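Written below as structure tokens is the structure these notes are about.
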Amino acid sequence: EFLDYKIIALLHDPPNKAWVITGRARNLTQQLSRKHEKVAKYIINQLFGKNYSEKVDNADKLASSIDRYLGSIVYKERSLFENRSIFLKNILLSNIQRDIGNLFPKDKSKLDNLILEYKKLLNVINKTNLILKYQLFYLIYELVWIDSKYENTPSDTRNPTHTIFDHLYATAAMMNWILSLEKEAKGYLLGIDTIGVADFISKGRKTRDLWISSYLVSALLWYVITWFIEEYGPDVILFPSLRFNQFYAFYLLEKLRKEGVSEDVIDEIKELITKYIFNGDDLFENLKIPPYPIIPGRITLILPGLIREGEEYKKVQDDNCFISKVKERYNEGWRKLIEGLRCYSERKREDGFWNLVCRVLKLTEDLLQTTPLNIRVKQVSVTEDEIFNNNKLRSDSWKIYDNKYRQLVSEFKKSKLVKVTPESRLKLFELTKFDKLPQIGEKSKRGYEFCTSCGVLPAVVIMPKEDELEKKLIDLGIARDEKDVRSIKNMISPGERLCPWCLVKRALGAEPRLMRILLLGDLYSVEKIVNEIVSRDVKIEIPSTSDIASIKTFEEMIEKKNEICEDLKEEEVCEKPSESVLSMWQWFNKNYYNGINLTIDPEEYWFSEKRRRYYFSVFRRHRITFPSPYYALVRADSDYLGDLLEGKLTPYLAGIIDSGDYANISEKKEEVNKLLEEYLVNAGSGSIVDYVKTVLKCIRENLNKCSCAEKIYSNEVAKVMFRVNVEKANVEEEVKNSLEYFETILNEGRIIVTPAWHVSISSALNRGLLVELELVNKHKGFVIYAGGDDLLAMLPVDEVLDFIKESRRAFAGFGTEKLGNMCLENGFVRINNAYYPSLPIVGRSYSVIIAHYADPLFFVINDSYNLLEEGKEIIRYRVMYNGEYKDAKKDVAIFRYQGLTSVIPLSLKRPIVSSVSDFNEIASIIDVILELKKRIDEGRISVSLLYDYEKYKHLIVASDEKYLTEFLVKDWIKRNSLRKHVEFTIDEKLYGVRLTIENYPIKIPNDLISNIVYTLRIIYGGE
Amino acid sequence: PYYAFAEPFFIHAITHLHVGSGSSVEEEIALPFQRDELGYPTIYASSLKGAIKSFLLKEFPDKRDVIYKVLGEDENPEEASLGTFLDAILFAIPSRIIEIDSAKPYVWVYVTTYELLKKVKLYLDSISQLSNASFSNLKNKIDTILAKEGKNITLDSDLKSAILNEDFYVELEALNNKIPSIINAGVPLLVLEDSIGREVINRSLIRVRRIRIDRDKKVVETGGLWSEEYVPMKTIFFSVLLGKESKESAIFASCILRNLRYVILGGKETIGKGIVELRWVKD
Amino acid sequence: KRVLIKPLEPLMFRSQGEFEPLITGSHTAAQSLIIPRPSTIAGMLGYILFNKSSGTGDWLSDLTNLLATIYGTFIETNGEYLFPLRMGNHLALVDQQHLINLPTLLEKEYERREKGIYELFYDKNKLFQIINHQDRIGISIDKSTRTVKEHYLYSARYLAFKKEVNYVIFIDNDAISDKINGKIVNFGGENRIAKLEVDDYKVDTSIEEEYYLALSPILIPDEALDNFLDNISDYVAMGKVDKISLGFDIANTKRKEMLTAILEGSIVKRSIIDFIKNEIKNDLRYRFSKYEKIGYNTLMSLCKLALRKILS
Amino acid sequence: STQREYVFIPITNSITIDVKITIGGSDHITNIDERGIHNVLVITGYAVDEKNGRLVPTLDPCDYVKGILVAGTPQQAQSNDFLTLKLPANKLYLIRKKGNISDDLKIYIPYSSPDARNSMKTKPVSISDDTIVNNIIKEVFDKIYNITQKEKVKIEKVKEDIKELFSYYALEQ
Amino acid sequence: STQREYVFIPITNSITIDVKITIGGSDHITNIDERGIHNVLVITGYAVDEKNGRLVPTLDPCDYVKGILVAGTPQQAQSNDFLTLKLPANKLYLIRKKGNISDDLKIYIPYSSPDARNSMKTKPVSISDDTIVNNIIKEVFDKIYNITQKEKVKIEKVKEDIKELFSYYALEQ
Ligand SMILES: Nc1ncnc2c1ncn2[C@@H]1O[C@H](COP(=O)(O)OP(=O)(O)NP(=O)(O)O)[C@@H](O)[C@H]1O
Ligand SMILES: Nc1ncnc2c1ncn2[C@@H]1O[C@H](COP(=O)(O)OP(=O)(O)NP(=O)(O)O)[C@@H](O)[C@H]1O
Ligand SMILES: [Mn+2]
Ligand SMILES: [Mn+2]
Ligand SMILES: [Zn+2]
């Protein structure tokens, strides 16, 4: 029968739930006639009503920790543990509140005017599609909320840990269970993990290969969840969230274009998408795809144990249904993409390259059957035996998630003990032993060739070396004429051997609009899309490493538009933009109509061996700094975000509390006790904090149970007698359960994770991602994969340090720029009065590879990943928390320049921030290196500075007084001089910091100032 | 057969040398030398073979086919070279000596560690009783020396004490009574404890700053300053050339290797940083 | 019986495919395998024992026409013995003792087990105390400019041994032993050299524990592939499964055959053994017989020096 | 918590009953849910003397005992000869843990004399004669956990895993 | 033929005495010759009691006891509790094999029965704190082995391997 009654779960709480409760205006009372239920009933003016007997009695009392962190009745009272104030605290920090103010919807009409846009954006959806109305409303609930300048709301004022919507969007997650448990008692946790994503991104020769490999990861994982968001509604996903997802917004308005809909109401949501889910750009319509891969290649689902094919729902019929479903859907998406590619290429039997692609696809189908990217799927079951005392909830049922989630992650960890590579799946023994491989192209004189892009797979398309191509490309089978070589030679450089998979990658890179075969899925035919693409032809320019290395050269030619052009005037560098080619590279996109043709290959003009002397002369005659061949590969991964989703404290104390320290956490009782108690007592807002801290004192030093339940109770009973209409109290059960909660928290040693925790972390991850998207674009960078926690960009070697600093600060919500529509504010993310949380507790590491543009991207990406993996686990730098010099592991920045390495600690504080004060301390060492590089460039210091610190280093690391070392560095600089009457000293927190390493080939100076000067050596070495 | 005969030879630096490695270390030098696994200065076999092959192609242009056969071919490189060089390993480095004793005046001395001699013996043991050319006396000398590992040993001397490289006092002791010199340059050799020997050695290397001057206003250009590292003149390396049995390998060993004293190794040759004298251990 | 391979200098066992300046606007690079594949040792020993009148087809035919059942390679430093150990993307050298509690360690519950294996690969690992990658950048020089050619630059992560290191194989026939004694060979890629010394030894073979250490890449016969990659948990406790190529044959100058394999250092569950024998045809059994003669399916157990083939 | 005991499962049937319990505690050591024997206790370093059963301990960790933590009290007529152990109960090497133990347990373990009266040499043995598999299933496996023949109409999966899920090292001395 | 003895090595100096007279027997198998503590052995499934110095087993290969095999009879006033067994020397799992295998082995093992009373939190610990470790030289390495400091001027490297070649999981309670 028809189901998914979670539209009732999404409007579960009133829009003024913290203004209705703790009334300031109260005018809404006398002009709309329980306190917060007439409000939730007047916001239901579209669809199915409410059932306070089915949803709120159990589910909302399970989605958030607030119920367990308060107690069933005080979390339900609305009236006892009160505070006339209102705040909104971070989830990871309970110190930084937010002034909320109130110019919210205050009237029966100025709120029905929110109902106006809830109407309009839900009036093209008939009841034909029971889902699509919900599938639409779910996303833009927030969009229409914030489009009106209404400040967002805490979860509820007794515990402002959570916000209004994550407490509302984590309702439906548990609602899946509420609906699949009332019937046949099956709940599931589906987890999709992609195997060898790093090695996959590592395979490629050009940046377009990397970019569409990351896009293949994201699209092949978006395909499988297309069905999950189309069947069980949207709220089936926890990681990654979709509250601010570009992929989901794109797919949503495409599904809106389905069924037949005017292009006149789709714009009313497209504006909310371009404005908030994006940051102003509408290039995702002129590109017809989402511009960046954002799907994290590892995803968690909250499923109800149901299915379709009974014309309606039905209890799932197997223990292994979802696994088979998702594996088959994954293979299905892959083969649909490859067949749509075959058809799009057959649509172009001309152009040479497309013709060669056709010619070799038909030879490699039975090899191209296999997907190039295996996935791991693990599930976990839960039934009513585990949740209910046959009529109600249970005690230790609230912890059932924190147990099943941990079981799931445990099996993920165990299965990750064996890595199988996607190449091991193929059958090649006979194809290599017995010459069977299709060798269209040249022919190897050693059996077969290896793919130059892949490295392991044999090569199908072999390209002759650049000595005479046409006289070979034509007598061989590559090309047909002279015109088609220029288009084959346009994508496959001479000498590029290609395996079927990497050749398919090249094919997709030719026009990356075939991705809509996967990006949408389930929605249009595999041929609708090929027709759409062959109709509106659009070419995209993906930048090579040569384009990134030559960024400032291009930039300095466009500020001499004709003053440099008249010199050449002939070689199409300064000639017309012929077509309307656009691209995802924001700097390329914002600088195209500026005189100079940005689509030239620097490997042709100033990186060539027949030219570049002419171009050296041309640049000499114009004050053009001749380009460096180096670019910055900047990678970054979050610190302990796995443990953080597991509610562990290694995110909070990185290096102090090892992950191995959790096996028997009985040892490090002290730091966990300290910080957890701090967080808990600060998580409250109101007189409730007294109750919780005195409970904690009753938990202090194994004090007592059944005894100290009076001092805490002589205030709880005081509070229930402090009102006029209380009904019943079982304080015996309730205060005991309240102490049992914190006792479990401390005994285990981790904040018990509820769905609201996950959706809050995931939403903040996506929002920080939206911030970093425009931070990369602020520094002429090219994103290969920026998804949430991690990042993989390519920037000039010039603004890598600036970007590192500002990115590591914005990850913690500390910045001064507006980054589109998003104006981050000291730990939060302000979006036009909406204060969304951030991750100011999570550290973040950073890898930087200064690479020559001709360096093989395989080893470059592999070195980047291996640094960011080995080093963060393997390095220890001095830190003090609680006033004691301890060690620390994560949250650093490693640099590498063909042999030089350096590490720059990013926090030097283990609760990396705990006050609003320490927000500026983040990346403080980096601005010092930036200032010092600001002095070296302008000719106030000599680079001899970077070769002269060794002599002072002996003295200074054996040195033991502060101001002694102060003067010592001051005079070391003052032999290369910095200034007249010196003004730039090192800030005296940098000394005594000693970096250790667990005996690895990564050699490093044991001190932070020598590492600062090696970072300067590495940055310069690439300029 | 299959490396029948071998030729070990000494690489005596006539000028300073700089076989470069990019910026391949974590020191303050920006153009370091090629480093061993022990951080000592080494010459890779690629560099040694490439330089020697280039030199021989220039100065024996008629023997180009013999040289191609022994050392490889530019194109049609589907014919394995029947000759090979081992990595050149530092055998001895000159050091400035302020000697206190012996009544004999010395101002520089050859210095080694026991790690260096260990690798030299590794090269040497793997040839003699395996191949057929017999120079066991050198191996016996190196074994006699390696016996005393763990104490600064002087060789062929009466020193008993010295300041090395103006910075290190060391107390020496003769080996037994007397021994044939392993080098023929009449200068004492000292084998030092592997810990003070490497400080002395890394103070014997030449680490210079260098400057690019603005050609008109005679000042340094901004950022036109870097560091380089030369192995000092008179330094000695040690390598072996291994020959697979063939006819033109005999031509190599007869016509060519018997007229090779001086070649050019490494780079920065306009500075004059590559001249080398090859002494074969056959005299 | 035992053959110690003593490298005289850094070595290069190339892990990947193409290493040559094919594309003009790009450098080339390479990374060495920590342990040489058994095909390398086999081809070296054959080169030492070459005949000019045999085979010429299916190299392992006339290769095995000279060898015994070579037993997989491990690391001896100074009489000490180290043994590979492999995880997802990880590879660690450990000694005999640290392998004992490994079966029970992987069945410890979540946090205990992860802490255990994580300490096994970052505290007990003795690799970076005895072997480190020595990056060697090389160039070619055009004799017209005496400068570098266009982008003819290459990296090659060599294998530098900080102390004395041997590679240890065991060989059955003794007439082979006293004909390859003291041979200077071209052991590995890009022309590096190693020495061979042979010493007769004694280690037992017939052992069947629950688990095993793969001292060599276990080759999977490509007809058991899908019958293997659906139920990976049944045969390997931890390690890496990878597509490999058997190398490069010298007499015929071709690249050898690509097969799926279980890389050395992976721990296999005894279920593997019969799973191979019961899922291979006699015609493929004849091929894999030779594949084992050269040394590819070698198992040691975590209790003793338990040398064991798989098919044989 | 509870107390569990020490049993080897060879081709021998002499281990029928000295564990006098049929229900025990709310926790259960080995459970069976139509996939075979689960929660197998593995003991490393204790050779067996299968006839005149008294497991003489060895020193070599390359022998094992595929035992079960057999539920209950050691008949309260033994342990003047046995050993016994109250573990923190994380140390027991239990195969394929189905449930979750709260690491609290005590284990009584039979034991024997070192047997210095003949050269020690153990041999590996597996469970032969699947009919004797069935009969040891009868004598010992049935009357300890009686959910077999209760819900189990599937013997092909519960009697043929014990085929080789239990292998040991017998001395025969 | 001779008989050997596997004396424990905890953080404790309860290893000052195990045998009556200095050396006694004819030959020893464990050797200290210039480059390592050869032929040491590691017993598993057990644990050491640093105070009340004896063995206190805890059965899993996760736990292990590292002891040296010396030729002596245990104090002549005990071996009511000291294991005395005999193995064919190839179940003798020796670490760092260097010497000669005897094939007729007899061992004495310092050990007390578990006598379970405490929750045996069995915690490993290094062999370090050089003040503890240096006085051990001529009473654990020259009270039974006069061979060192006779020819050996190589004590600190066979000290380097002392720093690691012993490891266990003690009792602590
Ligand atoms: N959409 C994406 N595109 C590219 N890279 C991604 C994407 N999502 C995640 N990654 C990266 O790929 C890895 C994903 O994690 P993971 O699932 O462990 O793959 P892995 O690194 O290969 N480890 P494993 O799955 O065990 O093989 C991380 O390094 C991410 O930074
Ligand atoms: N619970 C989780 N949910 C979603 N993605 C996760 C989760 N745990 C880890 N990942 C991602 O999967 C990969 C796991 O790599 P890993 O490095 O172990 O994660 P991690 O928590 O960041 N550990 P580390 O980066 O070393 O501090 C990374 O790409 C993570 O972003
Ligand atoms: Mn991370
Ligand atoms: Mn990681
Ligand atoms: Zn490829």
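Residues in the structure tokens are named by chain (A, B, ... in the order shown) and by number from 1 within that chain; ligands are numbered from 1 in the order shown.
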
Can you tell me which residues come within 9 Å of ligand 2 when counting only C-alpha atoms and all ligand atoms, ideally as a PyMOL selection string? chain A and resi 191+193+197+238-240+296-300+405+409+637-646+650-651+654+758+762+787-790+843-845+868-870+872-873+890-891

Which residues are near residue 134 in chain E? Cut-off 12 Å, only C-alpha atoms, ignore same chain within fewer than 2 positions. Put them as a ChimeraX atom specification. /E:13,127-132,136-141,155-156,158-160,162-163

With only C-alpha atoms as the counted atoms, please give the residues lying no more than 7 Å from residue 27 in chain C, apart from itself and same-chain residues fewer than 4 positions off, as a short mmCIF file (atom, residue, chain, number, x, y, z; two decimals) with N, CA and C atoms, in the first residue's frame.
data_model
loop_
_atom_site.label_atom_id
_atom_site.label_comp_id
_atom_site.auth_asym_id
_atom_site.auth_seq_id
_atom_site.Cartn_x
_atom_site.Cartn_y
_atom_site.Cartn_z
N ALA A 854 55.58 18.67 -16.82
CA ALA A 854 55.88 17.45 -17.56
C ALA A 854 56.10 16.26 -16.64
N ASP A 855 55.79 16.39 -15.36
CA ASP A 855 55.93 15.27 -14.44
C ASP A 855 54.74 14.34 -14.57
N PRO A 856 54.95 13.03 -14.67
CA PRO A 856 53.83 12.11 -14.89
C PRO A 856 52.85 12.15 -13.73
N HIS C 151 62.65 17.31 -22.58
CA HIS C 151 61.91 16.57 -21.57
C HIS C 151 62.35 15.10 -21.47
N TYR C 152 63.59 14.81 -21.85
CA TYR C 152 64.12 13.46 -21.74
C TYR C 152 64.68 13.23 -20.33
N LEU C 153 63.81 13.45 -19.36
CA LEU C 153 64.15 13.33 -17.95
C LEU C 153 63.30 12.23 -17.33
N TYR C 154 63.89 11.45 -16.44
CA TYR C 154 63.17 10.35 -15.82
C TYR C 154 63.57 10.19 -14.37
#

Would you give me, as a tab-separated table, each residue of chain C having an atom within 8 Å of an atom of chain D, along with its shortest atom pair and that distance in Å to one decimal, using only C-alpha atoms and sorting by chain and residue number?
residue	atom	partner	partner_atom	distance
C:100	CA	D:61	CA	7.9
C:104	CA	D:93	CA	6.2
C:107	CA	D:95	CA	7.3
C:108	CA	D:93	CA	7.8
C:209	CA	D:62	CA	7.5
C:303	CA	D:62	CA	5.1
C:304	CA	D:62	CA	7.1

Please write the residues from the selection above to a file, keeping N, CA, C and O atoms, as a PDB file, in the first residue's frame.
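Result file follows (selection.pdb):
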ATOM      1  N   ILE C 100      53.131 -14.602  14.947  1.00  0.00           N
ATOM      2  CA  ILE C 100      52.462 -15.654  15.709  1.00  0.00           C
ATOM      3  C   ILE C 100      51.023 -15.266  16.015  1.00  0.00           C
ATOM      4  O   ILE C 100      50.076 -15.950  15.618  1.00  0.00           O
ATOM      5  N   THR C 104      44.946 -14.634  15.551  1.00  0.00           N
ATOM      6  CA  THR C 104      44.009 -14.202  16.577  1.00  0.00           C
ATOM      7  C   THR C 104      43.851 -12.690  16.584  1.00  0.00           C
ATOM      8  O   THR C 104      42.827 -12.178  17.047  1.00  0.00           O
ATOM      9  N   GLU C 107      40.995 -11.447  14.366  1.00  0.00           N
ATOM     10  CA  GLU C 107      39.674 -11.786  14.868  1.00  0.00           C
ATOM     11  C   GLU C 107      39.401 -11.146  16.220  1.00  0.00           C
ATOM     12  O   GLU C 107      38.309 -11.321  16.768  1.00  0.00           O
ATOM     13  N   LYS C 108      40.358 -10.403  16.767  1.00  0.00           N
ATOM     14  CA  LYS C 108      40.049  -9.492  17.857  1.00  0.00           C
ATOM     15  C   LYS C 108      38.967  -8.524  17.409  1.00  0.00           C
ATOM     16  O   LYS C 108      38.821  -8.231  16.221  1.00  0.00           O
ATOM     17  N   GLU C 209      48.554 -25.386   8.661  1.00  0.00           N
ATOM     18  CA  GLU C 209      47.881 -24.598   9.678  1.00  0.00           C
ATOM     19  C   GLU C 209      46.586 -24.024   9.108  1.00  0.00           C
ATOM     20  O   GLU C 209      46.242 -24.224   7.943  1.00  0.00           O
ATOM     21  N   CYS C 303      53.606 -19.978  12.174  1.00  0.00           N
ATOM     22  CA  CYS C 303      54.170 -20.645  13.347  1.00  0.00           C
ATOM     23  C   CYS C 303      55.655 -20.941  13.156  1.00  0.00           C
ATOM     24  O   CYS C 303      56.496 -20.492  13.939  1.00  0.00           O
ATOM     25  N   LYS C 304      55.993 -21.704  12.125  1.00  0.00           N
ATOM     26  CA  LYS C 304      57.376 -22.076  11.873  1.00  0.00           C
ATOM     27  C   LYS C 304      57.724 -21.672  10.451  1.00  0.00           C
ATOM     28  O   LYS C 304      56.891 -21.136   9.715  1.00  0.00           O
TER      29      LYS C 304
END

Please run DSSP on the backbone and report, as an NGL selection string, all residues within chain D that come out as strand (DSSP E). :D and (2-7 or 40-44 or 64-71 or 83-85 or 93-95 or 105-109 or 123-126 or 167-170)

Atoms to include: N, CA, C and O atoms. Write the selected residues as a compact mmCIF listing (two decimals), in the first residue's frame.
# COMPACT_ATOMS: atom_id res chain seq x y z
N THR D 2 29.49 -15.60 34.07
CA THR D 2 29.26 -17.03 34.06
C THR D 2 30.58 -17.78 34.13
O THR D 2 31.66 -17.19 34.23
N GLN D 3 30.50 -19.11 34.08
CA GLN D 3 31.68 -19.97 34.04
C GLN D 3 31.49 -21.01 32.95
O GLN D 3 30.41 -21.61 32.84
N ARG D 4 32.52 -21.19 32.13
CA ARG D 4 32.47 -22.14 31.02
C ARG D 4 33.71 -23.02 31.07
O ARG D 4 34.68 -22.74 31.79
N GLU D 5 33.68 -24.11 30.30
CA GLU D 5 34.67 -25.16 30.46
C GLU D 5 35.35 -25.55 29.15
O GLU D 5 35.28 -24.82 28.16
N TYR D 6 36.00 -26.70 29.17
CA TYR D 6 37.12 -27.05 28.31
C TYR D 6 36.87 -28.41 27.68
O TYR D 6 36.88 -29.43 28.38
N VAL D 7 36.67 -28.45 26.36
CA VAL D 7 36.31 -29.68 25.65
C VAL D 7 36.96 -29.71 24.27
O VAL D 7 36.85 -28.75 23.51
N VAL D 40 33.57 -20.84 17.98
CA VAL D 40 34.49 -21.93 18.27
C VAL D 40 35.63 -21.39 19.12
O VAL D 40 36.22 -20.35 18.80
N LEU D 41 35.93 -22.08 20.21
CA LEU D 41 37.07 -21.73 21.05
C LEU D 41 38.32 -22.39 20.50
O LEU D 41 38.37 -23.62 20.36
N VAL D 42 39.32 -21.59 20.17
CA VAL D 42 40.60 -22.10 19.70
C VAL D 42 41.62 -21.94 20.81
O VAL D 42 41.72 -20.87 21.43
N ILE D 43 42.37 -23.01 21.08
CA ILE D 43 43.39 -23.03 22.12
C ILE D 43 44.71 -23.42 21.47
O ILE D 43 44.80 -24.47 20.82
N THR D 44 45.72 -22.58 21.64
CA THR D 44 47.00 -22.74 20.96
C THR D 44 48.06 -23.19 21.95
O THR D 44 48.21 -22.59 23.02
N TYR D 64 47.03 -26.59 17.78
CA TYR D 64 45.85 -25.91 18.30
C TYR D 64 44.81 -26.92 18.74
O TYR D 64 44.90 -28.12 18.44
N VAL D 65 43.82 -26.42 19.48
CA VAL D 65 42.68 -27.21 19.94
C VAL D 65 41.42 -26.46 19.54
O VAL D 65 41.19 -25.33 19.99
N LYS D 66 40.60 -27.10 18.70
CA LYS D 66 39.34 -26.51 18.24
C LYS D 66 38.23 -26.87 19.22
O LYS D 66 37.37 -27.72 18.97
N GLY D 67 38.25 -26.19 20.37
CA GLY D 67 37.34 -26.48 21.45
C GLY D 67 36.13 -25.57 21.48
O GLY D 67 35.92 -24.71 20.62
N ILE D 68 35.31 -25.78 22.51
CA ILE D 68 34.13 -24.95 22.77
C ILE D 68 34.15 -24.58 24.24
O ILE D 68 34.53 -25.39 25.09
N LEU D 69 33.75 -23.35 24.55
CA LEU D 69 33.52 -22.98 25.94
C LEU D 69 32.23 -23.66 26.37
O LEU D 69 31.15 -23.08 26.29
N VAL D 70 32.34 -24.91 26.81
CA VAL D 70 31.16 -25.71 27.09
C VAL D 70 30.49 -25.16 28.34
O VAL D 70 31.13 -24.98 29.38
N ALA D 71 29.19 -24.88 28.24
CA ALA D 71 28.50 -24.08 29.23
C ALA D 71 28.42 -24.80 30.57
O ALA D 71 28.06 -25.98 30.63
N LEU D 83 43.37 -27.32 35.59
CA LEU D 83 43.63 -25.92 35.87
C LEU D 83 42.32 -25.16 35.74
O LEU D 83 41.27 -25.72 35.41
N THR D 84 42.38 -23.86 36.01
CA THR D 84 41.19 -23.03 35.96
C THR D 84 41.62 -21.59 35.81
O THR D 84 42.75 -21.23 36.17
N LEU D 85 40.72 -20.76 35.28
CA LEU D 85 41.11 -19.42 34.89
C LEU D 85 39.89 -18.52 34.93
O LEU D 85 38.84 -18.87 34.37
N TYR D 93 40.19 -16.91 22.16
CA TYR D 93 40.23 -16.80 20.70
C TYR D 93 39.01 -17.52 20.14
O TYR D 93 39.06 -18.67 19.69
N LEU D 94 37.87 -16.82 20.16
CA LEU D 94 36.60 -17.40 19.76
C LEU D 94 36.31 -17.08 18.29
O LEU D 94 36.22 -15.91 17.91
N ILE D 95 36.13 -18.13 17.50
CA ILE D 95 35.91 -17.98 16.06
C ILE D 95 34.53 -17.41 15.79
O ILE D 95 33.54 -17.78 16.44
N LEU D 105 34.38 -13.49 32.27
CA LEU D 105 34.24 -14.94 32.21
C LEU D 105 35.28 -15.60 33.11
O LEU D 105 36.34 -15.04 33.38
N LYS D 106 34.95 -16.81 33.57
CA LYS D 106 35.87 -17.70 34.25
C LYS D 106 35.83 -19.06 33.57
O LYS D 106 34.76 -19.55 33.21
N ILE D 107 37.00 -19.67 33.39
CA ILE D 107 37.12 -20.91 32.63
C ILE D 107 37.91 -21.92 33.45
O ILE D 107 39.07 -21.66 33.81
N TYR D 108 37.30 -23.06 33.74
CA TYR D 108 38.01 -24.21 34.26
C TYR D 108 38.56 -25.02 33.09
O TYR D 108 37.84 -25.32 32.14
N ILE D 109 39.85 -25.37 33.17
CA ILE D 109 40.54 -26.03 32.07
C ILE D 109 41.23 -27.30 32.54
O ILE D 109 42.20 -27.24 33.30
N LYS D 123 50.72 -35.07 15.73
CA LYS D 123 50.31 -35.24 14.35
C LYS D 123 48.97 -34.55 14.14
O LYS D 123 48.12 -34.54 15.04
N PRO D 124 48.75 -33.96 12.97
CA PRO D 124 47.45 -33.34 12.69
C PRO D 124 46.43 -34.38 12.25
O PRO D 124 46.73 -35.30 11.49
N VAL D 125 45.21 -34.23 12.75
CA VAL D 125 44.11 -35.13 12.41
C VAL D 125 42.87 -34.29 12.15
O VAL D 125 42.63 -33.29 12.84
N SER D 126 42.09 -34.69 11.15
CA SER D 126 40.79 -34.08 10.87
C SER D 126 39.69 -35.09 11.13
O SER D 126 39.93 -36.30 11.27
N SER D 167 40.16 -29.24 13.69
CA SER D 167 41.33 -30.07 13.47
C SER D 167 42.30 -29.82 14.61
O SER D 167 42.37 -28.72 15.15
N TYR D 168 43.06 -30.85 14.98
CA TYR D 168 43.83 -30.81 16.21
C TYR D 168 45.20 -31.41 15.95
O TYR D 168 45.59 -31.68 14.81
N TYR D 169 45.95 -31.62 17.03
CA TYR D 169 47.30 -32.17 16.99
C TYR D 169 47.39 -33.25 18.07
O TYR D 169 47.62 -32.95 19.24
N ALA D 170 47.24 -34.51 17.66
CA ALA D 170 47.25 -35.62 18.59
C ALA D 170 48.66 -36.15 18.80
O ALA D 170 49.44 -36.27 17.85

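The space separating CA of residue 664 in chain A from CA of residue 112 in chain C comes to 8.1 Å.
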
Up to 6 Å from chain C, what residues of chain A turn up? Count only C-alpha atoms and give them as a list in words. residues 410, 417, 418, 419, 420, 421, 423, 424, 429, 432, 433, 446, 447, 450, 455, 456, 495, 660, 663, 854, 855, 856 and 1000 of chain A

How would you report the residues lying within 9 Å of ligand 5, as JSON, numbers by chain, if you count only C-alpha atoms and all ligand atoms? {"A": [203, 204, 450, 451, 452, 453, 454, 455, 456, 457, 458, 459, 497, 498, 499, 500, 501, 502, 503, 504, 505]}

Should the cut-off be 9 Å, what would the residue list for chain C against chain B look like, counting only C-alpha atoms, as a PyMOL selection string? chain C and resi 8-10+47-48+132+134-138+140+143+160-162+181-186+191-195+253

Could you name the residues that touch range 87-89 of chain E at 7 Å or less, counting only C-alpha atoms, but leaving out those on the same chain fewer than 4 positions away, as a ChimeraX atom specification? /D:119-121 /E:101-105

For residue 382 in chain A, find every residue with an atom within 9 Å (counting only C-alpha atoms), except residues of its own chain fewer than 6 positions away, and show them as a tab-separated table (two decimals) with C-alpha atoms, in the first residue's frame.
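New file out31.tsv:
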chain	number	residue	atom	x	y	z
A	185	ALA	CA	10.48	-4.91	11.91
A	186	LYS	CA	13.37	-4.56	9.45
A	187	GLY	CA	15.82	-1.67	9.60
A	188	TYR	CA	19.04	-1.43	7.64
A	189	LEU	CA	22.24	0.59	7.32
A	400	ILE	CA	20.83	1.23	19.29
A	404	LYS	CA	24.63	-0.62	14.70
